[PDB]
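Here are two versions of the same chain, shown separately as structure tokens and labelled structure 1 and structure 2.
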Structure 1
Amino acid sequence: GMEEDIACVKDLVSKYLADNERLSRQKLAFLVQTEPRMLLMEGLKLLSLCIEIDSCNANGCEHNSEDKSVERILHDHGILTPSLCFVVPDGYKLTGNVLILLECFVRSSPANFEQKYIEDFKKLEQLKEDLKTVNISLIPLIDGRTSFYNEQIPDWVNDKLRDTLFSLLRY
């Protein structure tokens, strides 16, 4: 019933998720869930991951899979920093003293898109000023999207997945 619908949406994902090794852990995280809330959560994380991996691949950035702060990233490259505002980017790339940072987001309604853009922009611009004092040049990239569509699953499957996972909340 609920077991039947849960089995069905997993079946949907097994058929259609691209055969990409970088998705394997999170795909399995999704497939092992038996409760609707847990299933929803792991399904949204899978779609988020697909988007982040695409955005990083497009922009040549390392994907920030461990949610490292900027301070942590720089410290891992031997770079010490003053107190920075806390920022966890989706992707990064350090080349000498030039740091590229990438955020990506989804907002399907334009008013929200514009508000969130300003939100991410402000976080990133705070860093830029502060890194300048340690002669790190920040290159802030914002990849704002209007849907959850991505290269790892068909768009129609994407829609059906999200729809189903939220609905299951029926149980």
Structure 2
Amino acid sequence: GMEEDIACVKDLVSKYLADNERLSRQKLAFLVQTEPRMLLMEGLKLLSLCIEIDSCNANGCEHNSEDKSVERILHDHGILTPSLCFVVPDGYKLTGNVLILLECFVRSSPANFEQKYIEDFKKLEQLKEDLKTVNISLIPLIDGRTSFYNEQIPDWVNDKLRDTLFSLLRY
């Protein structure tokens, strides 16, 4: 029944998630949960993290695991500005005065995909003028996906996880 299906998925994630230190904390955050709302929340966060790592790899960006704001990313390179909107990008790369910001997401339906694409696009665009005041050029990348498939977990395990997560919506 449902309990054994959850236990099975936990065992599969334990065995088959990539053995990668960057995933360890979120792997545990999922595995320790008992309540359906928390299995959903942490299971989705695990999948998002996996996709972000892949997206950053594919786009030549650093994954922003320290949750640096754009202001902090600039500060790390000795560039001070107090005037930026608060943005914590999924990934980034700052090389000289060229700032690449990467936003990543998964949405299945066209309406939801479009809503999130617009949201992330506008968020990055709103940095552009203020970045110019400190001589920074912005390359804003949006990796919007419809798929949860990723290099950090086998697709068959991904399917089992998502199916179980779907079933948990009943609670």
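Here, a residue number simply tells you its place in the sequence of structure 1, counted from 1. Only the largest set of C-alpha atoms that superpose within 1.5 Å between the two forms is called the rigid core.
Only one candidate in 114, 35, 125, 62 has its Cα displaced by 2 Å or more between structure 1 and structure 2 after core superposition: 35. Residue 44 is among the residues whose C-alpha shifts by 2 Å or more between structure 1 and structure 2 once the rigid core is aligned. In the core-superposed comparison between structure 1 and structure 2, the C-alpha atom of residue 12 has shifted by less than 2 angstroms. Once the core is aligned between structure 1 and structure 2, the alpha carbon position of residue 165 differs by 4.3 Å; this is the C-alpha shift at that site. Its Cα shifted by 0.5 Å, residue 96 is compared between structure 1 and structure 2 on a rigid core fit.
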